[PDB]
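*Asks:* From first to last, the protein sequence lines are chains J and K. Numbered according to the entry's author numbering, the first sequence terminates at residue 482, and the numbering increases by one at each position without gaps. Numbered according to the entry's author numbering, the second sequence terminates at residue 482, and the numbering increases by one at each position without gaps.
Number of protein chains: 2
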Amino acid sequence: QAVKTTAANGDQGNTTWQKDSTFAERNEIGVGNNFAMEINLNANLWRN
Amino acid sequence: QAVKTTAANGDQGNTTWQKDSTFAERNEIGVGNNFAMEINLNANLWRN
Numbered sequence: 435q436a437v438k439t440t441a442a443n444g445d446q447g448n449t450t451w452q453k454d455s456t457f458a459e460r461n462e463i464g465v466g467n468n469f470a471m472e473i474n475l476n477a478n479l480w481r482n
Numbered sequence: 435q436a437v438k439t440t441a442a443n444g445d446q447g448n449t450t451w452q453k454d455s456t457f458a459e460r461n462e463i464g465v466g467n468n469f470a471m472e473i474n475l476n477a478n479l480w481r482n
């Protein structure tokens, strides 16, 4: 959920109001290296 | 889970008893396209 900086006169920074007046509420987002799978090709070819 | 048409006097298609008298109660059924993991092949080989 998007957030918007508070008056932030002194530390209310992360402290923030809802940004819902600007963005949606539930919004997708994924963090970190992307998931994947791994495999070998050439060795499998030769094995077959 | 499963069912059967009721006495069908009117608008009773979804109006249903439990047909599972003849079936199981938690039969496994999938929805939509199956899971998949795409991977390009030729360019990978050439790059190797």
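Yeah, the Cβ is synthetic: ideal placement off N, Cα and C, and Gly gets one too.
#1: Taking J:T456 and J:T440 to be in contact with their CB atoms under 8 angstroms, please state how far apart those CB atoms are, rounded to whole angstroms.
#2: Go ahead and pull the three-state DSSP assignment for K:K438.
#3: Establish whether the CB of J:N476 and some CB of chain K are separated by less than 8 angstroms.
#4: From the DSSP output, which residues share a beta bridge with J:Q446?
#5: Between the alpha carbons of J:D445 and K:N467, how many angstroms are there, rounded?
*Replies:* If we stick to the structure as given:
#1: What you label residue 456 of chain J is simply residue 22 of the first sequence in a count that begins at 1. What you label residue 440 of chain J is simply residue 6 of the first sequence in a count that begins at 1. The Cβ separation is near 15 angstroms, so there is no contact.
#2: On the second sequence, residue 438 of chain K is found 4 positions in, with the first residue counted as 1. K:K438: strand per DSSP, three-state reduction.
#3: For the purposes of this step, residue 476 of chain J is taken as the residue at position 42 of the first sequence. Yes, because at least one Cβ of chain K sits closer than 8 angstroms to the Cβ of J:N476.
#4: By one-based count along the first sequence, residue 446 of chain J stands at place 12. DSSP, once it has assigned bridges, lists no residue as partnering J:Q446.
#5: Position 11 of the first sequence, counting from 1, holds the residue named residue 445 of chain J. Position 33 of the second sequence, counting from 1, holds the residue named residue 467 of chain K. Their backbone Cα atoms lie some 49 angstroms apart in a straight line.
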